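Heads up, the Cβs are rebuilt from the backbone with ideal geometry, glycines too, and the neighbour counts pull from every protein chain shown. What follows draws every value from the coordinates through simple rules; no lab data is involved.
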Number of protein chains: 2
Amino acid sequence: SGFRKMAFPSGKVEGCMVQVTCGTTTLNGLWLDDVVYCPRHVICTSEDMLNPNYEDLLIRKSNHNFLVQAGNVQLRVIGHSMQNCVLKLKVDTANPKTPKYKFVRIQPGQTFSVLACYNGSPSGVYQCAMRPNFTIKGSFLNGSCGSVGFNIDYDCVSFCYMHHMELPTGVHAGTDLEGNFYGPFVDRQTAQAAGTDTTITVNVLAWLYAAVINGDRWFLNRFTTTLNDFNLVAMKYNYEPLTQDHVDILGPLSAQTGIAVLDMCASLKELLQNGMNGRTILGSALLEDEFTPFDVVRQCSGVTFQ
Amino acid sequence: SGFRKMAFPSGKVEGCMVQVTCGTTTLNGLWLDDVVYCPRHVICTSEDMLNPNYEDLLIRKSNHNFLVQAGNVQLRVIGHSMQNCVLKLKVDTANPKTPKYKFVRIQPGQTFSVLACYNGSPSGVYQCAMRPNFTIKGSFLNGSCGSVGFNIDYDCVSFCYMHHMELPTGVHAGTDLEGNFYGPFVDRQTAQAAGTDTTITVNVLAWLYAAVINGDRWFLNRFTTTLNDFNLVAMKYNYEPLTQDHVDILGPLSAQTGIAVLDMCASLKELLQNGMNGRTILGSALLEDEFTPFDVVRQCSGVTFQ
Ligand SMILES: O=C(NCC(=O)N1CCCCC1)Nc1ccc2nnsc2c1
Ligand SMILES: O=C(NCC(=O)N1CCCCC1)Nc1ccc2nnsc2c1
Ligand SMILES: [Cl-]
């Protein structure tokens with residue numbers, strides 16, 4: 001019973017978080033085997049960030065300028081390099097708490113957990129999604145850069161996000177663990193604006209299935225629709241177009257509940273056109289789009305990790 | 001920037017979770033030093049739960065009937081006793097991952113993190129509150145009993161909740177770690193209904209302060225009010241009466257923002273009487289009441305743990 005925004009257990013990632021200080025900046029790094037990964041803007045002053053030439057700034061840095069601390073103990077840096085927008089600091093000790101892991105570049109609409117950290121110490125954990133405009137709506141303050149996002153599968157941590165920037169609109173931008181930004185964003189203090197923050201239709205529908213599983217049923221109607229008919233309504237409300245691939249992904253939830261996907265689309269259609277009339281669904285007064293189909297099955301299933 | 005429902009890092013608690021099986025029931029236990037704590041209904045069959053006599057059922061149990069597993073290794077049970085609604089299983093090995101900890105019985109309105117587990121393995125983490133009717137709105141399936149709720153302060157885990165029951169209405173009931181239920185609930189499969197699920201007024205006001213800190217300002221008005229005037233409106237909307245003690249707790253957020261608490265009460269009053277007119281606050285279309293004042297300061301502050 002019940003449905004909550006649920007993050008993955010964070011312990012496997014907590015054991016990888018370190019502090020990285022270069023000259024005057026301190027942020028977080030990720031220690032996996034004998035490499036510490038962090039944002040390359042650790043090498044910049046606040047002034048540098050208006051027009052940084054990272055290769056030039058890096059030339060004035062040596063291994064011993066990167067002060068890396070795992071809890072109370074210092075790590076010895078024996079090499080460094082820049083890969084896209086991250087630095088890889090080779091250290092002389094493999095992290096003994098390195099979990100089984102992979103680096104993944106996620107697609108928009110996918111969800112992940114964030115372990116917010118400051119000065120190398122974990123502060124909290126919450127659940128995000130990669131938005132269709134390639135921002136995330138996180139909770140990050142100064143000093144949180146280098147905090148990571150991840151998913152877990154059985155005993156493997158798939159790292160998908162590293163936090164680098166806050167846009168002037170208060171949303172967040174960052175990279176995969178190869179250091180390539182999601183979307184068009186850059187690690188410069190400049191005018192970069194987010195595009196339309198469209199709604200992840202397949203996730204809304206998954207959440208509606210979660211609601212039915214839990215007794216919230218008032219929005220089910222006698223109607224059905226078609227993909228093309230539904231998508232005229234999605235367009236008007238700045239929803240992603242629903243594809244047959246989405247329908248196929250919702251197959252398991254459809255079979256579990258006996259509600260055809262297109263029937264659920266017709267319920268969503270009525271919700272978009274008429275609103276919720278002051279009612280709630282799973283404790284929400286709006287249509288939630290940061291649960292994936294897999295998220296719903298998992299929470300409705302009890303899937304565990306190690 | 002940003003405000004999220006944020007749980008504590010779960011690693012310190014993950015290291016304490018074990019599996020407890022008695023005869024035919026398997027749920028979760030909490031391993032701290034050389035004691036494993038779990039719900040006493042691990043000793044019951046599904047049939048027993050309609051009218052269990054726990055002392056009588058316990059007489060037919062010995063140490064070796066309690067099969068306790070921490071990951072893949074078996075723990076040896078060398079004594080057992082019942083304390084209120086929990087069992088304490090003495091084992092012959094102190095948990096090497098025992099964090100610094102305390103047991104606390106929380107008051108309604110306080111928040112905590114839940115580490116949902118199945119078969120001794122962590123599944124996810126989320127943020128709850130103790131409701132004024134002494135339920136919690138969690139996400140628990142069969143097998144999650146024994147999962148715990150906790151807060152962290154510096155390096156100390158304060159355990160406050162153990163999960164025992166699901167009410168027929170889909171909300172959740174449980175105990176502190178001394179085994180005393182929150183509220184009037186019992187570990188019997190019977191008619192126990194929840195009282196009024198009132199709203200935690202001081203938490204709504206804290207969240208409104210969080211919203212102002214973050215740029216969400218449209219609900220600020222030119223009005224003020226008094227405690228007694230505001231509370232006539234709280235009563236009508238099934239809000240907790242606001243006390244001077246609540247006002248004093250909101251002092252830090254008031255000082256940070258320069259908005260007098262009673263001015264914020266007048267904004268909340270207008271929100272209760274007029275609604276949100278289809279607008280949102282911090283991504284929500286309703287008035288959120290599961291952030292405490294301390295929660296807001298913490299997330300708006302960057303407070304870290306170890
Ligand atoms: O350097 C910035 N902040 C200060 C800082 O923590 N460091 C700067 C030195 C390098 C690493 C650490 N840049 C920034 C922040 C928020 C923004 N919101 N809109 S533009 C924008 C730019
Ligand atoms: O025993 C129940 N469930 C089955 C079970 O997991 N075990 C029973 C044996 C002892 C431990 C494990 N009781 C219950 C559940 C949900 C309810 N919702 N409303 S009443 C109500 C009663
Ligand atoms: Cl909402």
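If you check residue A:55 against the conditions, is it farther than 27 Å from residue B:306 by Cβ and away from ligand 2 (no atom under 16 Å from the Cβ)?
Working: farther than 27 Å from residue B:306 by Cβ: yes; away from ligand 2 (no atom under 16 Å from the Cβ): yes.
When the stated conditions are applied, residue A:55 passes them.
For every residue, the table says whether it meets (1) away from ligand 2 (no atom under 16 Å from the Cβ); (2) touching a helix residue (DSSP H, G or I) at 6+ places or on another chain (Cβ under 8 Å).
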| position | (1), (2) |
| --- | --- |
| A:182 | yes, no |
| A:191 | yes, no |
| A:209 | yes, yes |
| A:214 | no, no |
| A:217 | yes, yes |
| A:225 | yes, yes |
| A:228 | yes, no |
| A:233 | yes, yes |
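Scan the range A:31-47 and tell me whether some residue there is surrounded by fewer than 22 Cβ atoms within 10 Å (Cβ to Cβ) and part of a strand (DSSP E or B).
Yes - at least one qualifying residue is present in the range A:31-47.
Which one of these is without any contact (Cβ under 8 Å) to a residue 24 or more places away in the chain and under 24 Å from residue B:43 (Cα atoms): B:170, B:179?
Result of the check over B:170, B:179: B:170.
Residue B:107 passes all but one of (1) surrounded by 19 or more Cβ atoms within 10 Å (Cβ to Cβ); (2) within 30 Å of residue B:246 (Cα to Cα); which number fails?
Going through the list (1) surrounded by 19 or more Cβ atoms within 10 Å (Cβ to Cβ); (2) within 30 Å of residue B:246 (Cα to Cα), residue B:107 breaks only (1).
Of everything in the range B:206-239, what is among the small types (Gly, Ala, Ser) and assigned to a helix (DSSP H, G or I)? Give them in sequence order.
Answer for the range B:206-239, where residues must be among the small types (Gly, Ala, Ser) and assigned to a helix (DSSP H, G or I): B:206, B:210, B:211, B:234.
Quick one: residue A:175 ticks every box in (1) more than 13 Å from chain B (Cβ to nearest Cβ); (2) buried (at least 20 other Cβ atoms within 10 Å of the Cβ); (3) closer than 30 Å to residue A:256 by Cα except a single one, so which number is it?
(3)
Against the condition closer than 19 Å to residue B:49 by Cα and either touching a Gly at 6+ places or on another chain (Cβ under 8 Å) or aromatic (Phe, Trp, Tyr) (or both), how does residue B:130 come out, does it pass?
Here the answer is no, as residue B:130 does not meet what is asked.
Identify, from the list B:133, B:51, B:151, B:63, the residue that is under 18 Å from residue B:28 (Cα atoms) and either out of contact with any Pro (no Cβ under 7 Å at 6 or more places or on another chain) or surrounded by fewer than 16 Cβ atoms within 10 Å (Cβ to Cβ) (or both).
So the residue among B:133, B:51, B:151, B:63 that is under 18 Å from residue B:28 (Cα atoms) and either out of contact with any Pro (no Cβ under 7 Å at 6 or more places or on another chain) or surrounded by fewer than 16 Cβ atoms within 10 Å (Cβ to Cβ) (or both) is B:63.
Just one of (1) more than 12 Å from chain B (Cβ to nearest Cβ); (2) part of a loop (DSSP other than H, G, I, E, B); (3) farther than 28 Å from residue A:299 by Cα trips up residue A:88, so point out which.
(2)
For residues that are over 23 Å from residue B:119 (Cβ atoms) and more than 13 Å from the chain's Cα centre (by Cα), tally how many sit in the range B:159-171.
Summing the residues that are over 23 Å from residue B:119 (Cβ atoms) and more than 13 Å from the chain's Cα centre (by Cα) in the range B:159-171 gives 3.
Working carefully through the options A:115, A:89, A:75, find the one that is surrounded by 22 or more Cβ atoms within 10 Å (Cβ to Cβ) and touching a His at 6+ places or on another chain (Cβ under 6 Å). Walk me through it before giving the result.
Numbers: A:115 fails: touching a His at 6+ places or on another chain (Cβ under 6 Å); A:75 fails: touching a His at 6+ places or on another chain (Cβ under 6 Å).
None of the other options fit; the residue is A:89.
Go over the candidates A:204, A:296, A:247 one by one and state the one that is over 30 Å from residue B:197 (Cα atoms) and more than 16 Å from ligand 2 (Cβ to nearest atom).
Working: A:204 fails: over 30 Å from residue B:197 (Cα atoms); A:296 fails: over 30 Å from residue B:197 (Cα atoms).
Testing whether each residue is over 30 Å from residue B:197 (Cα atoms) and more than 16 Å from ligand 2 (Cβ to nearest atom) leaves just A:247.
Which of (1) under 18 Å from the mean Cα position of the chain (by Cα); (2) more than 30 Å from residue B:49 (Cα to Cα); (3) buried (at least 23 other Cβ atoms within 10 Å of the Cβ) does residue B:156 not meet, given it meets every other one?
(3)
Quick test of your reading of the structure: residue A:262 fulfils all but one of (1) touching a strand residue (DSSP E or B) at 6+ places or on another chain (Cβ under 9 Å); (2) farther than 21 Å from residue B:171 by Cα; (3) more than 14 Å from chain B (Cβ to nearest Cβ). Name the failing condition by number.
Failing condition for residue A:262: (1).
Among B:287, B:268, B:242, B:253, which is the only one that is away from chain A (no Cβ under 12 Å), assigned to a loop (DSSP other than H, G, I, E, B) and either in contact with a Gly (Cβ under 9 Å, 6 or more places away or on another chain) or crowded, with 18+ Cβ neighbours inside 10 Å (or both)?
Only one candidate qualifies: B:242.
Would you point out the residue of the range B:215-235, among those that are over 28 Å from the mean Cα position of the chain (by Cα) and within 14 Å of chain A (Cβ to nearest Cβ), that is nearest to residue B:274 (Cα to Cα)?
Residue satisfying both the conditions and the ranking: B:217.
Condition first: more than 17 Å from residue B:128 (Cβ to Cβ), more than 7 Å from chain A (Cβ to nearest Cβ) and in a loop (DSSP other than H, G, I, E, B). Now tell me which residues in the range B:290-306 satisfy that.
If the condition is that a residue be more than 17 Å from residue B:128 (Cβ to Cβ), more than 7 Å from chain A (Cβ to nearest Cβ) and in a loop (DSSP other than H, G, I, E, B), then B:300, B:301 are the ones that fit.
Checking residue A:261 against (1) closer than 25 Å to residue B:287 by Cα; (2) in contact with a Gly (Cβ under 8 Å, 6 or more places away or on another chain), which test does it fail?
(1)
How about the range A:271-284: which of its residues are farther than 13 Å from residue A:204 by Cα and at the interface with chain B (Cβ under 10 Å from one of its Cβ atoms)?
A:275, A:276, A:278, A:280, A:283
If you scan the range B:267-306, which residues turn out to be of a type in the set (A, V, I, L, M) and touching an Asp or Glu at 6+ places or on another chain (Cβ under 9 Å)? Walk me through it before giving the result.
Step one: of the range B:267-306, the residues of a type in the set (A, V, I, L, M) are B:268, B:271-272, B:276, B:281-282, B:285-287, B:296-297, B:303.
Of everything in the range B:267-306, those that are of a type in the set (A, V, I, L, M) and touching an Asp or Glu at 6+ places or on another chain (Cβ under 9 Å) turn out to be B:281, B:282.
One residue is enough: does the range A:191-204 have a residue meeting the conditions within 16 Å of ligand 1 (Cβ to nearest atom), hydrophobic (A, V, I, L, M, F, W, C) and outside any loop (DSSP other than H, G, I, E, B)?
No: zero hits.
Condition first: more than 7 Å from ligand 1 (Cβ to nearest atom) and hydrophobic (A, V, I, L, M, F, W, C). Now tell me which residues in the range A:22-52 satisfy that.
Scanning the range A:22-52 gives A:22, A:30, A:31, A:32, A:35, A:36, A:38, A:43, A:50.
Residues in the range A:91-105 that are in contact (Cβ under 8 Å) with a residue 60 or more places away in the chain and assigned to a strand (DSSP E or B): how many?
Quick first cut of the range A:91-105, residues in contact (Cβ under 8 Å) with a residue 60 or more places away in the chain only: A:91, A:94-95, A:97-99, A:101, A:103-105.
If we keep only those that are assigned to a strand (DSSP E or B) too, we end up with A:91, A:101, A:103.
So the count comes out to 3.
I'm trying to understand the selection: among the residues of the range A:118-166, which are in contact (Cβ under 8 Å) with a residue 24 or more places away in the chain, facing chain B (nearest Cβ under 7 Å) and part of a strand (DSSP E or B)?
A:118, A:121, A:122, A:125, A:126, A:166 - these are the residues of the range A:118-166 that are in contact (Cβ under 8 Å) with a residue 24 or more places away in the chain, facing chain B (nearest Cβ under 7 Å) and part of a strand (DSSP E or B).
Could you run through the range A:1-45 and say how many residues are in contact (Cβ under 8 Å) with a residue 40 or more places away in the chain, over 14 Å from residue A:159 (Cβ atoms) and within 14 Å of chain B (Cβ to nearest Cβ)?
Looking only at that region, the number is 12.
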